[PDB]
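What follows is a short report on a single structure.
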Amino acid sequence: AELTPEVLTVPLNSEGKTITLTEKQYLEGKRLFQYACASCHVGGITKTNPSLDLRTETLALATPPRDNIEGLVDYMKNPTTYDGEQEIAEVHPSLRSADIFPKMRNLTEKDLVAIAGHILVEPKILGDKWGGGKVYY
Amino acid sequence: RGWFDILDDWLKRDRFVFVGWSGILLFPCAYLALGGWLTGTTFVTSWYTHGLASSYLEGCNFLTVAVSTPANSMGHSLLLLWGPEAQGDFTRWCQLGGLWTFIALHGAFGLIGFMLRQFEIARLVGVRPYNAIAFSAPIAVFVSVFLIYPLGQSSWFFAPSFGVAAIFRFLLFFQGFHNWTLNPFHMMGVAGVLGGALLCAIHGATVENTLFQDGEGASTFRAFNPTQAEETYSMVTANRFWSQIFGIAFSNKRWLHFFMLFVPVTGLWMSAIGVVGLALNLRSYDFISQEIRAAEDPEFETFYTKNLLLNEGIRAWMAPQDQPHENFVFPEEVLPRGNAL
Amino acid sequence: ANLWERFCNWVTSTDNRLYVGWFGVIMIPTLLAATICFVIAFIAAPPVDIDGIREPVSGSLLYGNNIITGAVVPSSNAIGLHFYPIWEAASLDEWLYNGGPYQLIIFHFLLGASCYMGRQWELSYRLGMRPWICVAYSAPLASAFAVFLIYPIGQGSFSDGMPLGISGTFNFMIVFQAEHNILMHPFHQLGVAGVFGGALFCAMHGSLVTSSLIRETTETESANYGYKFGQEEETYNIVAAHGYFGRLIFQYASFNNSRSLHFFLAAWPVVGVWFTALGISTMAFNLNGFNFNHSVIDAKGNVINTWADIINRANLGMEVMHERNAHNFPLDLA
Amino acid sequence: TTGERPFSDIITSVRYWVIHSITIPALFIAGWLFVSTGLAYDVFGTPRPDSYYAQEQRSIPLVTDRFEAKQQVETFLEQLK
Amino acid sequence: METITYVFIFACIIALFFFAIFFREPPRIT
Amino acid sequence: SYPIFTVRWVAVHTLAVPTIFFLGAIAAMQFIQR
Amino acid sequence: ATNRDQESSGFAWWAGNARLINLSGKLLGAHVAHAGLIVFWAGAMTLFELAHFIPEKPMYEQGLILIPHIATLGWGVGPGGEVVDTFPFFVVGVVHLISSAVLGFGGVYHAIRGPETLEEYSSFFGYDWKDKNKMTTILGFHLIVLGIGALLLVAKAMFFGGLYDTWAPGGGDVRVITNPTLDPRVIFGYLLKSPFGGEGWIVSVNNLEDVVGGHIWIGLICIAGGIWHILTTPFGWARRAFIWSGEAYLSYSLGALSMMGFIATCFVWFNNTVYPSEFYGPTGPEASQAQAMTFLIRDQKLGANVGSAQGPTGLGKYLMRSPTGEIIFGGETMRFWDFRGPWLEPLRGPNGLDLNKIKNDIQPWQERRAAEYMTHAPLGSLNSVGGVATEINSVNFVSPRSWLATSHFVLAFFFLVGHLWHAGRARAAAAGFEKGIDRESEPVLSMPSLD
Ligand code: CLA
Ligand code: CLA
Ligand code: CLA
Ligand code: CLA
Ligand SMILES: CC1=C(/C=C/C(C)=C/C=C/C(C)=C/C=C/C=C(C)/C=C/C=C(C)/C=C/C2=C(C)CCCC2(C)C)C(C)(C)CCC1
Ligand SMILES: CC1=C(/C=C/C(C)=C/C=C/C(C)=C/C=C/C=C(C)/C=C/C=C(C)/C=C/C2=C(C)CCCC2(C)C)C(C)(C)CCC1
Ligand SMILES: CC1=C(/C=C/C(C)=C/C=C/C(C)=C/C=C/C=C(C)/C=C/C=C(C)/C=C/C2=C(C)CCCC2(C)C)C(C)(C)CCC1
Ligand code: OEX
Ligand SMILES: [Cl-]
Ligand SMILES: [Cl-]
Ligand SMILES: [Fe+2]
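Residue numbers (UniProt numbering), protein chains in the order written: chain A, 27 to 163; chain B, 12 to 352; chain C, 11 to 344; chain D, 4 to 84; chain E, 1 to 30; chain F, 12 to 45; chain G, 11 to 461.
Here it is in C-alpha cells:
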C-alpha cells in the first residue's frame with residue numbers, strides 16, 4: 027500500500043467540497059502535530075480528558091462539526107467546548123491565546139491547514155488505532 | 012599403511028586452527044549456523060509466518076532483528092529445502108521460515124562436533140576430559156529449549172526465535188502461560204548461575220589479594236612464570252581470611268576448582284529438566300491450598316495471588332498478536348483491567 | 011595497659027575465631043536485630059496494607075503462606091518515604107498493620123552489610139594482604155541498595171521496594187518490566203552478560219584445572235587427597251591446560267599468566283553486576299529501556315509490528331493488572 | 004610458534020595493502036549494489052515498504068496450510084500486483 | 001502441620017551452621 | 012620462508028569476505044525511505 | 011625525561027598517570043590541562059545549547075542543562091521564566107571557552123616543557139606529600155578561594171540583579187535579596203533535619219533568603235578555616251589516625267565527591283526552588299500531584315462533589331487524609347503529599363487542602379500549569395520517547411531532571427568505588443605489602459591456629 031491521493035483527500039468544509047493534500051503537507055502537519063499537540067493528543071486521544079478524542083466520528087458530532095479543514099482551523103483559532111457553549115482559549119492552546127501558549131506563535135495559516143489535514147488523514151490509515159488508546163497499541 | 016593413517020596425520024597436524032576428525036562435522040555446521048543467522052537477520056522477513064518485520068532491510072535494529080520460527084501450520088516439519096513444503100524454491104523456503112530449522116539443525120550438530128573437538132584435543136594433549144564433560148550443560152539446555160519443548164507443543168512456532176527481543180518475548184511468554192518463575196527446577200538453575208558467578212568473582216578476587224610478592228614492580232602481573240613450581244598465591248592466608256570473615260573456607264585447592272565446575276553445570280541441568288516438563292504443559296502453576304482458601308475467602312491475598320493476576324493480564328493482552336493463527340478476537344469489554352488503567 | 015587499650019586489642023585481635031573489628035562493632039548488633047525481626051515476622055506477622063488502600067496482604071506462615079509465597083511485606087504507600095520506627099506508632103498493632111517491620115529490617119540490614127564490606131578491608135589489613143576483596147563485594151552490595159533504598163527514593167515510597175520473599179521478588183520483577191522495560195535496557199543486558207559470563211568462566215576455569223591435575227592418588231581414592239593444605243608446589247599443570255584450551259580455539263586466545271587469568275575472573279562478573287545495579291538505580295529516576303513501539307511503518311503509514319511490539323503487548327498486560335484497586339487516574343506516573 | 008606468517012608482519016606490509024585497498028572496497032560496493040538495485044528483495048522474498056498490505060486491507064497474509072503453503076504465498080503476492 | 005514442618009527444617013539448618021563452623025575439621029598444614 | 016595460502020588463510024577469508032559484503036549492504040539500507 | 015617506562019617507574023602503561031606522584035611539575039600540568047577541559051566543555055556546551063535553543067518552547071523540551079543554570083542566576087529571563095535576552099547566555103559560553111585556551115596552554119607547558127619537579131625551582135610551589143605543614147597550607151589557600159566563590163553568589167543576589175525566584179508573586183520573577191537569613195537556628199537547623207520524607211535534610215530549602223544566608227555562613231567558615239589551616243599544623247590525634255601520602259589524600263577527596271554526587275542527585279530530583287520547574291521541568295512528585303488536580307478540576311466542572319466522592323477502596327477518590335490528618339490528594343499520589351509548589355500553595359489552609367478554595371478559587375493559570383506538568387512527567391526511554399514504557403513513538407522528550415539525576419548517581423557510585431580502591435591501596439602501600447605477601451615472612455604462618 028502507498029499514500030495515494032484518495033487517502034490524502036479530506037473534506038474542506040461542512041458543505042461537501044473536498045481538498046486533496048500533498049504528501050509534503052501530510053508530513054509537515056505530522057511534524058507540527060508532534061511539536062504542538064502530541065504532548066496531550068498522542069495517537070488521537072486526550073491525556074487530560076480521555077472522554078474526548080480526535081476520531082472523525084467524534085469530531086463530526088461536535089458543535090460546530092470539526093470533521094473538516096474549516097472546522098479544525100477555526101478550532102485552532104477559537105476553541106470551544108464540545109457543545110460550542112463556552113470558549114476555552116484560556117485552557118487550550120490557540121492563536122487567540124498564543125500569549126500564554128508560546129508554541130502557537132510560530133504557526134502560520136498554512137501550518138494550521140497542514141495540522142488539520144494530518145488529523146483527518148491519520149484515522150484513514152490506522153483505523154481504530156487512532157484515538158483507540160492502549161488497547162490497540 | 013593406508014590412506015586412513017595419512018588423512019589422520021594431516022587432520023591432527025599442529026596448525027593455527029586445529030582441525031581433527033571432529034572438524035569435518037564442526038566447521039561446516041558451525042559456519043552454516045552462524046551464516047544462516049546473519050543472512051536472515053539482514054534480509055529475511057517474518058511477515059508470512061508471524062506478521063512481523065525482523066531484518067535490517069525492513070528497518071529493524073540489532074535488538075529487534077530475528078530469525079523467526081516457522082508458521083504454526085507447518086507443525087514439526089523438518090522444512091528441508093527439497094522437502095514437500097518449499098519444493099526446492101529457495102525464496103519460498105525463506106518466506107516459510109526454513110532458515111529457523113536450518114539454523115537449529117545445523118546448530119545442533121555443530122554443538123556435537125565441538126564437544127567431540129574437546130574430546131579429540133584432550134586425548135592428543137593427554138589431559139582429563141572434564142572440559143568436555145562440563146559442556147554437556149549447554150547442550151542439554153539447547154536441546155531442551157529449542158528441540159524438546161516445541162516438539163511437545165503444537166509446532167516449531169512456539170520455540171524461541173533467534174533474536175534479542177524475540178528471546179525477551181520468550182521469557183515473558185513463560186511467565187504468563189507457564190508461571191516459570193514458580194518452578195523449582197528453574198529456581199535451582201538460578202542458584203547455579205548466580206552461584207557460579209559468585210564463585211567466579213570471589214575466587215579471582217581472593218587469588219589477586221593473596222599474592223606472594225615475587226616481583227619488585229607495582230604491576231603484579233609480571234611476577235609470574237608459567238613454568239614455576241611454587242603456588243603464586245597463599246592458600247593458608249586465604250583460608251585464614253575467609254574462616255574469620257565467613258566462618259568456613261576452602262582448604263583443598265582441588266575440591267575448590269571441582270566445585271567451580273559442579274555448581275554451574277548442575278544448575279543448567281536442573282533447568283533443562285524443568286523445560287522438558289513445560290513441553291507437555293506440566294507446569295508448577297498453582298498451589299491448590301492457596302486457591303481453595305482464596306476462592307472461599309475474598310479477604311485472603313498473598314503475593315502468589317497477585318502474580319497470577321499479572322499472568323492473566325499478560326495472556327489476554329498478548330495472545331491475539333503473539334498467536335495470529337488462532338484468530339483471537341477479544342472485545343474491549345472482556346480484557347482484564349484494573350481500575351483506571 | 012589500661013582498660014581501653016586491652017579492649018582495643020581484643021576488638022582488632024587476629025586470634026578470635028570470628029574477627030570482630032571496629033566495623034564489626036556496628037555490624038554485629040545491626041545484623042542480629044534485622045535477623046531476629048525477620049524470622050519473627052516471616053512466621054507470625056499479621057497482614058500489612060502495602061499499597062495504602064486498606065487492602066492487607068498476608069505474608070507470614072501462620073496466616074496461610076508457605077515457603078514460596080511467604081514474605082515480609084513492604085511498608086504502606088500512605089507512609090511513602092517517611093521514617094516509621096516503633097516509637098512513632100500509637101501501638102505495635104498499628105506498627106504491624108502499616109508494614110513497620112520492613113523498614114526496621116532493611117535499615118539494619120543495609121547498615122550491617124555496609125560494615126560487612128568494611129570488615130573485609132579491615133581483616134585484610136590485619137593479615138598483611140592486599141585489600142581489594144571488598145571491592146568485589148561492592149557489586150552485590152550495590153544491588154541490594156538499589157532494590158531496597160534507591161528505587162523507593164526515586165519512586166517516593168518504600169511500598170515499591172522489593173519485598174522480602176520469594177514470590178514477592180517475582181512480583182517486583184514483573185511490575186518493573188511493565189513500568190521500565192528493563193529487558194530492553196543495556197545495563198540489565200550487561201548484567202545478564204555478567205552473570206551468564208560469570209557462570210561460564212566458573213565452569214571453564216574449574217574444568218581446566220580439574221583436567222590438568224597432576225597424578226598423585228590411586229584409582230580407589232579421591233583425587234582431592236593429592237593436595238595437602240599449605241603445600242608449596244602447585245597441584246596442576248597450567249602449561250598442559252594452556253596447551254589444551256589454546257588448541258580448542260587458538261593460541262593467543264588462552265591465558266598462560268595465572269595472575270592475569272584470575273584477575274579476569276574477578277573483573278568480568280563484578281563489572282557486569284555494577285552495571286545492572288546502576289540500571290535499577292538509574293531506572294529509579296525513570297530513564298527506561300529502549301522504546302521501539304511502532305518504529306517500523308510502511309509506505310502508506312500502517313504500523314509494521316516487530317518483536318518489540320509483541321513485548322509491549324505483554325507489558326500492557328502487566329501494567330493494567332498490577333495493583334488493580336490502587337489507581338484512580340489514567341497515568342501511573344510512579 | 005606454529006608455522007604461518009604472523010599477522011603483525013602482514014597488515015604492516017606494502018604488498019598486503021596493495022591488494023586489500025582494492026578488494027575490501029570492492030566487496031563493500033558489491034554489497035551496496037545488492038540492495039540499491041533491489042536484488043535483495045527478490046532473492047529472499049522480503050516485502051518492499053509498499054508490499055506489506057493491499058491498498059485497502061488490514062489483514063496479514065498469514066500462511067495457514069502446510070503443503071499448500073507455497074501456493075498461498077503466491078496467491079497473496081498476486082493480490083498486490 | 002505445615003508451619004511446624006517449615007520451621008523445623010529451618011532450625012536444623014541453623015544448628016548445622018553452628019557445628020560446621022565451631023566443630024569443623026581443623027585445617028592442618030601437614 | 013612463509014606460505015601464503017594456508018588453512019588459516021581460508022578460515023580468515025570465509026569470515027572476512029562476507030562480513031565486508033554485508034557491511035556494504037547494511038550501509039545502503041540506511042538511505043532507504045518508505 | 012623521567013620514568014615513562016615500566017622498569018623505570020614500576021607501573022604499567024594502563025596505570026601510567028601514577029608515575030606522576032613524585033613529579034610535582036608534570037603533575038601540575040595534568041591538573042591544569044584537565045581544568046582546561048572542564049572549562050572548555052562548559053563554554054562549548056553553552057554555545058551548542060544556544061544554537062539549538064528555541065524561545066517559544068520551554069527549556070525542558072529542548073534537552074538543556076546549562077542554560078537553566080544561567081537562568082536561575084537571574085540572567086536572560088523575566089517574569090514567569092520567559093527568556094527576554096539571549097546575549098548573557100552567549101557571553102558566559104564565550105568567556106568560559108576562551109579561558110580554556112589559557113588553562114590549556116599552561117597545562118601543556120607545565121607537563122611537557124616545564125620542569126618535572128618544582129622542589130628545586132621554588133620552595134614555595136614545591137611540595138612533598140609527607141610535609142603535613144605544606145599540605146595544610148595548600149589546603150588553606152584553596153579553602154579561601156572556595157570561600158570567596160560562595161560570596162560571589164551572595165554579591166550577585168544582593169548587589170548585581172538578584173536571582174530567579176519561582177516563589178515570587180505573579181508566577182515567578184527575578185528578585186533582589188535584601189534580607190538574607192542569618193539566624194543560625196535556621197541555617198544549621200537544615201543540617202539537623204532528618205533526610206526522610208517530610209523533612210528532606212538540606213534538600214528541603216524552599217526560599218532564596220535561606221539559600222543566600224547559608225552561602226554567607228559557608229563563605230566565612232571556609233575563609234576562617236583557610237586561615238586556620240595555614241597558621242596551624244595537624245595535632246597529635248590527627249596525625250596518628252590518618253595516612254599521609256599522595257594516594258591517601260586522593261582517596262579522601264574521592265569519598266567527598268562521591269558523597270556530594272549523591273546529594274546533588276536528590277537535590278535535582280526533589281528541589282523545585284534552586285532547580286525551578288519552569289526551567290528543568292516538574293519533579294516526580296510535582297507531576298504526580300498535577301495529575302490529581304487536573305482530573306479534580308475536570309470532574310468538578312462536570313458537577314462532581316470531590317469532597318464526598320468515595321473511591322473504590324473506600325478512601326476518597328480525589329481527597330483523603332495523610333497519616334497525620336492533612337487533607338491531601340487521593341490515589342497513588344498519597345505518597346507525594348509532602349510536595350510544595352507555587353501553583354498549589356494558594357489552595358492550602360491550616361488543615362491541608364481547603365475544600366472551599368478548591369470549589370471557588372481555582373484559576374485558569376493553575377489548571378494550565380497542572381496540565382503542563384502532568385504531561386511532562388519525568389518519565390522517558392533511553393532513546394528519548396516520552397511517557398510510560400508502554401507509550402508509542404511520538405513525543406521526543408526526556409526530562410532534564412532524569413538526565414541530571416541518573417548521570418550523577420552513576421558518577422557518585424564509581425567515585426565511591428574509587429575511594430575504596432585508592433584508600434585500601436594507600437593503607438597497604440604505607441604498611442609495605444601492596445605488592446604481595448613476603449614468602450619468608452608470612453604473618454599468618456607466625457600466628458596460632460584458630461582451632
Ligand atoms: C558435516 C556436514 C553437514 C551436515 C551433517 C549437515 C546436516 C544437515 N544439513 Mg547441511 N550442508 C552442508 C553440510 C552439512 N549439513 C554443506 C557443506 C552445505 C552447503 C552446500 C549444506 C547445505 C544444506 C542445505 C541447503 C540444507 C541442508 C540441510 C541439512 C539437514 C538435512 C540433511 C539431509 O536430509 O541429508 C540426508 C542425508 C544425507 C544425504 C547423507 C547420506 C550419506 C550416506 C551415508 C551415503 C551412503 C548411503 C547412500 C544411500 C549411498 C550413496 C549413493 C546413493 C545416493 C545413490 C541436516 C541437519 C537441510 C536443512 O537444514 O533443512 C532445514 C537444507 O535444506 N544443508
Ligand atoms: C586528562 C587526561 C590526561 C592528562 C592530562 C595526562 C597527562 C600526563 N600523562 Mg597520562 N594518561 C592518560 C590521561 C591523561 N594523562 C590516560 C587516559 C592514559 C592511559 C592510556 C595515560 C597514560 C599515561 C602513561 C603511560 C604515561 C602518562 C604520562 C603523562 C604525562 C605526559 C608526559 C609527556 O611528556 O607526554 C608526552 C606526550 C606527547 C609528546 C604527545 C603530545 C601530547 C600533547 C600534550 C597533546 C596536546 C594537544 C592539544 C590540542 C595542544 C593544545 C595547545 C594549545 C593550548 C596552545 C602527563 C603529566 C607519562 C608520564 O608519567 O610522564 C612522566 C607516562 O609515562 N600517561
Ligand atoms: C594553579 C595553577 C598554576 C600553578 C600552581 C602554577 C605555578 C607555576 N608556574 Mg604556571 N601557569 C598556569 C597555572 C599555574 N602555574 C597557567 C594557567 C598558565 C598559562 C598562562 C601558566 C603559564 C606558565 C609559564 C609560561 C611559566 C609558569 C611558571 C610557573 C612557576 C612560577 C610562578 C611564579 O613565579 O609566579 C608568577 C605569578 C604571577 C606573575 C602572578 C600573576 C598571575 C595572575 C593570576 C594574573 C593577575 C590576575 C588578577 C590578579 C585577578 C584579578 C581579579 C579577577 C579574578 C577578576 C610556578 C611553579 C614559570 C616557570 O615554572 O618557569 C620555569 C613559567 O615560565 N607558568
Ligand atoms: C574540606 C575542607 C577541609 C579539610 C579537608 C580539612 C581537614 C582537616 N582539618 Mg579542618 N576545617 C575546615 C575545613 C577543612 N579541614 C574549616 C572550614 C574549618 C573551620 C570551621 C576547619 C576547622 C578545623 C579545626 C578547628 C581543626 C581542623 C582539623 C583538621 C584535620 C583533621 C580533621 C579530622 O579529623 O576530620 C575528621 C573529623 C572528625 C574525626 C570529627 C567528626 C567526628 C564525627 C563523630 C563524625 C560525624 C560525621 C557525620 C555523621 C556525617 C556528616 C553529617 C553532618 C553534616 C551532620 C584535617 C587536616 C584539626 C587539626 O588537626 O587541626 C589542624 C582541628 O583541630 N579543622
Ligand atoms: C544460509 C545459507 C547459506 C549460507 C550462507 C552463509 C554462510 C552466509 C554467511 C554470512 C556472513 C558470514 C555474514 C557476515 C556478516 C557480518 C556482519 C554484518 C558483521 C558485522 C559486525 C559489526 C557490526 C561489528 C560491530 C562491533 C562489535 C560487535 C563489537 C566491537 C565494536 C564493533 C563496532 C566493531 C548457503 C549459502 C549454504 C545456502 C543455504 C542458506
Ligand atoms: C598532557 C597530555 C594530554 C592532555 C592534554 C590536554 C588536556 C590539553 C588541553 C588543551 C586545552 C584545554 C585546549 C583548549 C583550547 C581552546 C581553544 C583553542 C579555544 C579557542 C577559542 C576560539 C578560537 C573561539 C572562537 C569563537 C568565538 C570567540 C566566538 C564564537 C565563535 C567562536 C567559537 C569561533 C593528553 C591526554 C592529550 C596526552 C598526554 C599528555
Ligand atoms: C550553603 C547552604 C546552606 C548551608 C549549608 C551548611 C552550613 C553546611 C555545612 C556542612 C558541614 C558543616 C558539613 C560537615 C561535614 C562533616 C563530615 C562529612 C565529617 C566527616 C568525618 C569523617 C569522614 C571522619 C572519619 C573518621 C572517623 C569516624 C574515625 C577516625 C578516622 C576518620 C577520621 C577517618 C543551607 C543548607 C543553610 C541552605 C542552602 C545553602
Ligand atoms: O505502587 Mn507499587 O507499582 Ca510503582 O507505578 Mn504506580 O506505584 Mn504502584 O502502580 Mn505501578
Ligand atoms: Cl501487583
Ligand atoms: Cl492514581
Ligand atoms: Fe583458580
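Using N, Cα and C, we set each Cβ at its ideal position, and we do this for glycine too.
Assign residue i to one of three DSSP states: helix, strand, or coil.
i: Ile-31/G; result: coil
i: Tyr-44/D; result: helix
i: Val-316/G; result: coil
i: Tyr-383/G; result: helix
Per the DSSP calculation, residue i is bridged to which residue(s)?
i: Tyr-112/C; result: According to DSSP, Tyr-112/C bridges with nothing at all.
i: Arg-185/G; result: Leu-173/G
i: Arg-411/G; result: DSSP, once it has assigned bridges, lists no residue as partnering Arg-411/G.
i: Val-345/B; result: Looking at the DSSP assignment, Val-345/B forms no beta bridge with any residue, so it has no partner.
i: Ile-337/G; result: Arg-331/G and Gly-362/G
Throw me the rounded Cβ distance for the residue i and residue j pair, which I believe falls under 8 Å.
i: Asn-322/C; j: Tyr-163/A; result: 6 Å
i: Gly-39/G; j: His-120/G; result: 3 Å
i: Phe-302/C; j: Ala-318/C; result: 4 Å
Which same chain residues, not among the five before or five after residue i, have their C-beta less than 7 Å away from its C-beta?
i: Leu-37/G; result: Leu-30
i: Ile-75/G; result: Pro-410, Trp-413 and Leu-414
i: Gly-90/C; result: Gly-166 and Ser-167
In chain H, which residues lie less than 8 Å from residue i when you measure between Cβ atoms?
i: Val-30/B; result: Judged by its chain identifiers, the structure shown contains no chain H, and its protein chains are A, B, C, D, E, F and G.
CB-CB under 6 Å to residue i, same chain, minus the five flanking residues each way: which ones, in chain order?
i: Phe-346/G; result: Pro-295, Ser-298 and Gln-299
i: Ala-380/G; result: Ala-300, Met-303 and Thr-304
Heavy atoms of ligand 10 versus C-beta positions, residues under 5 Å: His-337/C, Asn-338/C, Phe-339/C, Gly-341/G and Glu-342/G
Quick one: residues with CB closer than 7 Å to any heavy atom of ligand 1, in chain order, please. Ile-35/B, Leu-36/B, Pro-39/B, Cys-40/B, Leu-43/B, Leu-89/B, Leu-90/B, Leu-91/B, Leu-92/B, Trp-93/B, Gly-109/B, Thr-112/B, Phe-113/B, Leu-116/B, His-117/B and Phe-120/B
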